[PDB]
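Undergrad: Got a sequence here, can you build the structure:
(chains A, B, C, D, E, F, G and H, ligands or ions: 8)
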Amino acid sequence: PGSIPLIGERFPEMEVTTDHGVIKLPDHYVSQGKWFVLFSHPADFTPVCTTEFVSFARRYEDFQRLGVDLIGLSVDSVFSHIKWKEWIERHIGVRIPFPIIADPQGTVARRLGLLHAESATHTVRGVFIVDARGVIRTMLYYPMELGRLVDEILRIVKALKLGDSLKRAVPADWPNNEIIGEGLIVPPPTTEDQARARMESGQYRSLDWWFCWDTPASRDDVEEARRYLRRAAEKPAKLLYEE
Amino acid sequence: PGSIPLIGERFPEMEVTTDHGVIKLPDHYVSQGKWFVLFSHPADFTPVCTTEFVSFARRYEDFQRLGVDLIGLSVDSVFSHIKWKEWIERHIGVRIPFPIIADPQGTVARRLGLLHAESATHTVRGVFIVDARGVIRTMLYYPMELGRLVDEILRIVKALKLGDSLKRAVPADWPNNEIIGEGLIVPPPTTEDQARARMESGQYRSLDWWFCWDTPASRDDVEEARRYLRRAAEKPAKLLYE
Amino acid sequence: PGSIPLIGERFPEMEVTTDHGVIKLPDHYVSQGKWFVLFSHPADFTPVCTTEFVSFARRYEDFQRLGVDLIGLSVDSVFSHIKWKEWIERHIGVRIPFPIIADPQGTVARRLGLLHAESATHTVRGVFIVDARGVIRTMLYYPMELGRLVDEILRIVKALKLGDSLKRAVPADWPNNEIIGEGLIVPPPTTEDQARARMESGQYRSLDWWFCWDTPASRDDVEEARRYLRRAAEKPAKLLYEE
Amino acid sequence: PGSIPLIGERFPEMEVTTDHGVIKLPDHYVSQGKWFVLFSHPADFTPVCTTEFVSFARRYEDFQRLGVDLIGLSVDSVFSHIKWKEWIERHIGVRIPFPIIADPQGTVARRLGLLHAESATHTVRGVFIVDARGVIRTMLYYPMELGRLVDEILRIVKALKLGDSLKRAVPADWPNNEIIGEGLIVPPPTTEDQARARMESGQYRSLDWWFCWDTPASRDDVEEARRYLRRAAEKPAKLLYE
Amino acid sequence: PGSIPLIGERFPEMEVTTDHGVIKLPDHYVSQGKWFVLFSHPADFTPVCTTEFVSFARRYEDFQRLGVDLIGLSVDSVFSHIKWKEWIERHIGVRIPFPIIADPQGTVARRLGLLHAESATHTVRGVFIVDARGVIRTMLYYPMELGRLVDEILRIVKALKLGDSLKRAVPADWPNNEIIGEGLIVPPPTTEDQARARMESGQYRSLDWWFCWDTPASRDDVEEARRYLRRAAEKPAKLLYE
Amino acid sequence: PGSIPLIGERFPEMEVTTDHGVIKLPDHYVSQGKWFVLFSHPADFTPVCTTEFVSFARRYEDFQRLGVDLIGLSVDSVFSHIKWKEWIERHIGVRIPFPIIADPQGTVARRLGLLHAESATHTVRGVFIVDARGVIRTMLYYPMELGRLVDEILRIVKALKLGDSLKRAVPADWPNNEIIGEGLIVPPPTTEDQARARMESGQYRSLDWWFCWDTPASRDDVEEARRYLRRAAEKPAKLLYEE
Amino acid sequence: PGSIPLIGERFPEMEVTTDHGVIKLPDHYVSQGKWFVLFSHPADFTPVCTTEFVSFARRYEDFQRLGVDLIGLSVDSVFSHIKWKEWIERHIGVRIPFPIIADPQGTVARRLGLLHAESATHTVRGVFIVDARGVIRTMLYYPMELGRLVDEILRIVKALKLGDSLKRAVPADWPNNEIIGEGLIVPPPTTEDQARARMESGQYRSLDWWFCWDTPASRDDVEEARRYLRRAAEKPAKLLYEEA
Amino acid sequence: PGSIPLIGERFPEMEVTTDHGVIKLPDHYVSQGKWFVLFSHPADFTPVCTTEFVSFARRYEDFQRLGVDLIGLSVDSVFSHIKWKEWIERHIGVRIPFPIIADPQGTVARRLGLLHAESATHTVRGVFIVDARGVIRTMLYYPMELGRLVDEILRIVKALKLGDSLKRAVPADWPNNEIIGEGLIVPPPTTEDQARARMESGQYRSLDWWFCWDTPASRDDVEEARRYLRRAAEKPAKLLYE
Ligand SMILES: [O-][O-]
Ligand SMILES: [O-][O-]
Ligand SMILES: [O-][O-]
Ligand SMILES: [O-][O-]
Ligand SMILES: [O-][O-]
Ligand SMILES: [O-][O-]
Ligand SMILES: [O-][O-]
Ligand SMILES: [O-][O-]
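TA: Numbering: from 1, shown residues only, chains lettered A, B, ... in the order given. Ligands and ions are numbered 1, 2, ... in the order given. And now the structure:
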């Protein structure tokens, strides 16, 4: 009952107005060889959205370290976006550095399938993780009542880049997988002869011909991914509302 | 693009064949007062899928305690499903307790929008969080090459149930939000008079009329949620491969 | 081109979300015996729009005295509306007392034909004058770059109400028409026998059988309308920017 | 409902028969570098219509001063137009100098959306303000029972021409705006860096980054515009009926 | 009802994924001058299917000697196919040497009309005999509950090849037809003059002008076909379950 | 590129003209509790067709023994059918006892999908096995140049009936299956619990939970089915053309 | 209702399989300058059909003499056709010399509109008389229960051929018309001037300007046509059933 | 091509205007238990048509004897019909006793498929033989240039009536058939059993089981039918033009 773009599809070509100016997607980022996370929120000057913008802003350096840009999206105007950013900087002390798309009319929202059944008027909390070829790699749809876990978005992008670079699949809960820990998975053989050869080689740790794995990720890759989860799990030292 | 069910919609009505038998969704779970997490995986006898089933199985009691059940889905047959579960129990030592839908033909996958552009033949790693009214609450679409973080699925369900119960919205990264910690958010006023009254009352901690919050969650509820995230962050003491 | 509701049609039946709550148009006003002026503006936190809201707010008691309510409309959210009203109150010292419809998505805007070729995303400066039967009586379409003359909106509603009550048509530039001054026009005869009879009566001042008029508006009603125009022509002695 | 031309659109290309001859719109005016006001009226030999033609005629030189031509429109014939003009000149003592389109069958009226619900048979009192590029800049729809305020049409054209030449937006009620008087508005910044730069410049009087203004209009332009409103507000010295 | 390819039509052009790799049909075989038998089965890890694979495996050299390749098909994955082959080799001691198409989603099954009314989800037991020109020559549709007689598939291909090379039609039950034994049938005349001439020629053994036959097949070819049938009728000396 | 009825579907309801009279299918046989084999042939007075009718006629008592009726079908007239039967009895010494549908215009042929790319005008050599509930159980399509093996049709109907009666599946090449000989297969479990319960019972011979079998067929069932194959493989003692 | 080819139309172009082989209609006959009579019958090995084949066979020389070929048609196969012809030769002693189209599936039947409401499965007894230009000239539709009068088919072809060569219309019951006998009709004038000029010429015998005629047919042509009708009226001296 | 009514169909229900008045077909005749021959002709005051009308009128009594009415049809008016009848009676001395349908506009002609490729304007020479049940039994289509053989129309009606009453089929050229003379045919058996029974009964003269016949027609019926053909073949004693 709603159409969405799909993993493995190129991100829909569109021109969009942001509070940093007008840009073409995905080209703006593709043409710079950058991945991007496009996310949406229902409304400027609402509380869960504000908490998410602050969370993304605090993690901005972490996204930058991965060569990943951030871009928001709501049906509010650019004037709203700029006022809301002023409010956040003034009252919370956090500067939001990344652009937000202004989509009054919801033209962009409809193209991304962001209008669900909770609201006719405001987008859900969608997330599109897009690589440097402009291909959609992961999509999340959280609802208006539930803020995202932004560290899982960092883990997703990091693990996708790692997987691409090492030609490996990434196990559940990586880098803390219960079977293979920080190990990464060799894509399984797809022919009988390949399956036989793989075994006869003795090259990898293995549970069966279709489950081979090794540990090609650097300590830095592993501990940075693990850091995101540690941060997610840690009770904050000092809350921002206090000051 | 492709067609999907949407957040806020009733889960589409369907009869499905699982390796535990034939059931009707969402009625089977709604009838038991249960939420369910329906998730898909590309293929039995592939490694990332295997690690995810092991992670869900390990967390199964945690889901049960929340009144949530689990049901998998792939385009493999029930015979495949039963053999794969045999394999996992024998070789990894973990019994998978929950059903898996067998969807050869991809009838169910098409209804759910689980066939994306990565593969013509196998589903992506989709997740539908469905409440006890049978209403879809959250949807996640991970790709073939990346396993899920199952503790986040627990966090999502725990947070949604708390929000529903306490009549509150849940901030980014809860229960470790950097602005309000384990605080929960009062849904914002939608009229000028409501905004003025809310402020005049002095009832809540507030940054503005549209940003009020309090700390209604029990210590037990907060600690349960933090436990999910602590587990996610911790390197396992002993790996099951060993 | 684009589709609009038309003069003499009942105002399109619709439930709308305002910063005062949800209401049904035109019933909300019809059931109170009120006329209403529904006007649109392109965006909250934009300058021409702000000047118009201040102008309408200043004239609010004039509308209320006539039994006319005001209701605004833009594609911005209720949260934006409330924040904008706070800003106006705090910085200009003027409280905006009337509701504004929040139309993110442009559902109401499309229905009303308020999306023109200047902007794909924000409404024009439309005005619908709706009577207490819920019928559209006059429509104005001003562009983004040009603020309305709000005293002409008062003159329109005053003159329409007078014409309705007195069963009279209203000459150009009334109450200062160059031919008949504050005079009002008797609707012309539509048959030959009616035309001949009207002339035979000698009941009215007349230029021909189709042009008869009299002076049935009260001194108070004439002066009220004259006051609107004198205000329009008068330079404020003190400007609100000054304080 | 019904279709109409829209602000920002080029005025619909058409040949029209007037009581001055056949002309092509908007080309006839565009080729002369002139704006035009096209207005309609329900019917020749009706009283409100007559008062409006007299008002436009009285203001003809003011439109000419601005480089704006006038053209009327009704569903009556050219024969009716010429007879009605004779009548007005003889009985009111006013010559109507501008053309009126004759549109029996409402072909042109239908194209411009001038047939509304109050009459199936005669046009409403429409006004299209069209610039020298042929683009529709403002549209007004008054009803058959209420005559226009012609000085507001002058104010509209004057203010639009001023906005275009000075690259400024025009506040409500200009030149008597209650916030900034005869000031004109700088179109607001549309990016965060532009907003910051404008504030740092100190170039403009301002209430916020989105509300900057100055006073670039000449005294002549301001007083001209104010004079249209003064005239609107003035009780006539002598009535033409007398 | 449902749509199927037809006898005399070229086998539907398609790329297919097998547990040996990706191949294009019918080209892969045509380009080698080989016939192929494409057969389907409902599900890996089911018992009738397993018996059939072992039957084809036992006969694989007989097919090879005729210049006929074998290719299987079900809606299971390549991973299932490889695991199932492993199981058969380990438990039955038979290595399945030929590829099996993996058709999850049932794209190929639909194109070949292999989804019938007994199951929405798994194919029937279809057999397509395809010659070296890519043309479909015979089609069989057995049901889930009944295994094929693989020696009749050998008899069919052997008999079609003989009929093609010798320009003869093949009688019921050949090479053991009750009327003419191992005899082969001359295609009947289709005109009066042709019928008259055939009779006047006295060239063939004959029961009437439209029923003429001779014995052109070699002793080797006849004996080969008889051997298929003798094997079908013989109880195995040693059962593989033992 | 052609429509056919499908296994598991009720045989298409139709009234047909045979050389024995008009009957309704499948009702005619269902009402008697009989299975039937409906087979088609391209043309009367052609040689492969004649050999198949003689083969069916010779095996007629074997079909009768199983409670199975035979019915033929071609696009020829009833007159052709009767003449052809006369010819076969006179010239081959064999009486054809079962009816043949006359289908000029190919109405029935089209309903059964019996017109393939080999001939626009004459039916292929189709075989429909239909049970006593009127359901299609197996379909075979042989071409014009290749006669059927009628003993396989007998083995099919015998084995289907046997599987129905005993609630068993039938292995490849039964009763001479290479793995289990004359054994019959228990339909595999379709749930985990059913799979484990079957294994714990120790009720059946078994290679895995999904491969259990037993030997419930009588020696008479087994030896009758084997006899069809033995007959198929036997060189005829005397040829009918000689006689 | 049902669709049929029409008089004045070229016969529907088609390849047909006959018991003489595959030929193209009407080309096969047009190419030889021959007229043809295509006729249909419901079924081989049925009695009215058999009587009509024997009638056409007996009249085959008369048709050939006129440059007219015969071709039959039923929904039966070529094998049936051949066997039926064998039966007729053996039991009646008459060889059928002309081809019969085999139309199982009724493709040709449908195209010629030969399937009526009597039967869904077998053709009616249609007759198409087709000239050397391939044009349909006359169509007859007899029912299953009633055999044709074959001598009327000869009379039709003879008279149309005469009309064509002599530029004349042919009166009712020719050559025994009650008004003008073996006379043939001048096609009527279609304009007033042409009508007036015909009468002023005194060229023809005439009852009015629209009814002029003469006697341009040879004694041989007239007697040939009369012979067909005399044969139709005569009871055979010896019946073929007798000498089986 | 063009559409026509079919043998075995009820004659199209229609109201038609004749020179005798308005009648409903086929009901007018069905009501009387009569058969009818409806025939058409291209045009009144044309010569072939005139000869045919005279031939029908001469045979009127023969049709009446059989209980068969005649009705003509052309696209001419009733006024033309009456004038033409006047002409025929004055100049030929023959009264035309039966009605002719007047069909200007060709509404009936179109309905009966009587407009062929020879003429866009006038009907062919069609003949419908319709029984007392209103059912079309035979149709003939002669062209503009060739008059009908009216005695064959009598023979058709007589023979169809005889076949109906005696439950027999009628051989070619009856009552002068070259195989069986005035014999009539028993409709052939349609089952094997029926074929065998008929042969074993010895009831009928026969050539084979499918060719049985007898002689059930009275001498009166046979000689009457033969007389139609004798009349057709006879050179007229005196020509009416004389
Ligand atoms: O966002 O609440
Ligand atoms: O799944 O790897
Ligand atoms: O509004 O500027
Ligand atoms: O115009 O009144
Ligand atoms: O296959 O059971
Ligand atoms: O049948 O050959
Ligand atoms: O044919 O009877
Ligand atoms: O009719 O000539």
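
Undergrad: tell me what the helix ranked longest in chain A is packed against?
TA: Looking only at chain A and at elements set by DSSP state H, the helix with the highest residue count is helix A:150-166. Using 3 or more C-beta pairs under 8 Å, 6 or more residues apart in numbering or on different chains; DSSP states H and E as the contact test, the elements touching helix A:150-166 are strand A:35-39, helix A:47-58, helix A:60-65, strand A:125-130, strand A:136-142, strand A:184-185, helix A:219-233. From N, CA and C alone the C-beta is placed, and that goes for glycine too.

Undergrad: let's see it at 7 Å
TA: Contact analysis of helix A:150-166 by 3 or more C-beta pairs under 7 Å, 6 or more residues apart in numbering or on different chains; DSSP states H and E lists strand A:35-39, strand A:125-130, strand A:136-142, helix A:219-233 as its packing neighbours.

Undergrad: Please parse chain A into its domains.
TA: When chain A is parsed with curated CATH domains, its domains come out as A:1-145, A:146-243.

Undergrad: hmm, the last one touching ligand 2?
TA: Yes - using C-beta under 6 Å from any ligand atom, we find that domain A:146-243 touches ligand 2 at A:169, A:185, A:188.

Undergrad: rewinding a little: go through the helices and strands packed on helix A:150-166 and name the closest to chain H.
TA: strand A:136-142 (58.0 Å; C-beta to the nearest C-beta).

Undergrad: Partner strands of that closest one and their direction?
TA: On the basis of DSSP bridges, the sheet neighbours of strand A:136-142 come out as strand A:125-130 (antiparallel), strand B:136-142 (antiparallel).

Undergrad: what's near enough to touch the residue positioned nearest the centre of chain A?
TA: Ranked by distance to the mean C-alpha position of chain A (C-alpha atoms, centre = their mean), the top residue is residue A:153 at 4.0 Å. With contact taken as C-beta atoms under 7 Å, 6 or more residues apart in numbering or on different chains, residue A:153 is in contact with A:37, A:127.

Undergrad: sorry, back to before: return the most buried member of the domains of chain A.
TA: Mean neighbours per residue, mean count of other C-beta atoms under 10 Å in any protein chain shown, is largest over the domains of chain A for domain A:1-145, with a mean of 21.

Undergrad: distance between that one and the chain's centre?
TA: Relative to the centre of its chain, domain A:1-145 is centred 10 Å away, using C-alpha atoms, centre = their mean, to the nearest Å.

Undergrad: So what would you say the end-to-end distance of that domain is?
TA: Criterion C-alpha to C-alpha, to the nearest Å; first-to-last residue distance in domain A:1-145 is 21 Å.

Undergrad: how about the closest residue in space to residue A:34 that isn't next to it in sequence, what does it touch?
TA: Taking C-beta to C-beta, 6 or more residues apart in numbering or on different chains as the measure, residue A:34 lies nearest to residue A:69, with 5.1 Å between them; neighbours along the chain are not counted. With contacts defined as C-beta under 7 Å, 6+ apart, residue A:69 is in contact with A:29, A:34, A:36.

Undergrad: Distance check, residue A:69 against residue G:97.
TA: Summarising the geometry, the distance separating residue A:69 from residue G:97, computed by C-beta to C-beta, to the nearest Å, is 92 Å.

Undergrad: I'd like the helices and strands packed on helix A:150-166 as CSV, with distance to ligand 3 appended.
TA: Output for the helices and strands packed on helix A:150-166, formatted as CSV (distance: least, C-beta to the nearest ligand atom, whole Å):
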stretch, distance to ligand 3
strand A:35-39, 29
strand A:125-130, 30
strand A:136-142, 34
helix A:219-233, 43
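
Undergrad: Ligand 6: which of these is closest?
TA: strand A:136-142 (60.0 Å; C-beta to the nearest ligand atom).

Undergrad: In PDB, could you pull the C-alpha coordinates for that closest one?
TA: Extracted as PDB, the C-alpha positions of strand A:136-142 are listed here (Å, rounded to 0.1, in the frame of the first residue of the first chain):
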ATOM      1  CA  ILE A 136      20.700   2.400  -2.000                       C
ATOM      2  CA  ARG A 137      22.300   0.000   0.400                       C
ATOM      3  CA  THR A 138      20.100  -0.100   3.500                       C
ATOM      4  CA  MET A 139      16.700   1.500   4.500                       C
ATOM      5  CA  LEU A 140      15.100   1.900   7.900                       C
ATOM      6  CA  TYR A 141      11.600   3.200   8.700                       C
ATOM      7  CA  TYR A 142      11.100   4.200  12.300                       C
END
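
Undergrad: Check whether that strand comes near ligand 1.
TA: No - Strand A:136-142 stays clear of ligand 1 (C-beta under 6 Å from any ligand atom), getting no nearer than 11.1 Å.

Undergrad: What are the contacting residues of that strand?
TA: Among residues not part of strand A:136-142, those counted as contacts by C-beta under 7 Å, 6+ apart are A:5-7, A:9, A:11, A:124-131, A:148, A:156, A:160, B:7, B:138-143, B:146.

Undergrad: what does stretch A:93-109 give?
TA: Surrounding stretch A:93-109, the residues in contact under the criterion C-beta under 7 Å, 6+ apart are A:14, A:16-20, A:40, A:53-54, A:57, A:60, A:70-78, A:81, A:85, A:88-89, A:115, A:123, C:75, C:104-106, C:120-122.

Undergrad: Swap in 6 Å and give it another go.
TA: Counting contacts by C-beta atoms under 6 Å, 6 or more residues apart in numbering or on different chains, the residues outside stretch A:93-109 that touch it are A:16-20, A:53-54, A:57, A:60, A:70-73, A:75, A:77-78, A:81, A:85, A:88-89, A:115, A:123, C:75, C:105-106, C:121.

Undergrad: in chain A, what residue is nearest ligand 6?
TA: Relative to ligand 6, the nearest point of chain A is residue A:192 (43.7 Å; C-beta to the nearest ligand atom).

Undergrad: what's the spacing between that residue and chain D?
TA: 59 Å (C-beta to the nearest C-beta, to the nearest Å).

Undergrad: same question, residue A:5
TA: Shown here: residue A:5 relative to chain D, a distance of 27 Å by C-beta to the nearest C-beta.

Undergrad: Could I get the contacting residues of that residue?
TA: Remark: with contacts taken as C-beta under 6 Å, 6+ apart, residue A:5 is in contact with A:12, A:136, B:1.

Undergrad: out of those residues, who's nearest chain F?
TA: Minimum distance to chain F across the contacts of residue A:5 is 31.5 Å, recorded for residue B:1 (C-beta to the nearest C-beta).

Undergrad: any idea how far that closest one lies from chain C?
TA: When C-beta to the nearest C-beta is the yardstick, residue B:1 and chain C sit 20 Å from each other.

Undergrad: which one of the contacts of residue A:69 is nearest ligand 1?
TA: Looking at those and their distance to ligand 1, the nearest is residue A:36, at 22.6 Å (C-beta to the nearest ligand atom).
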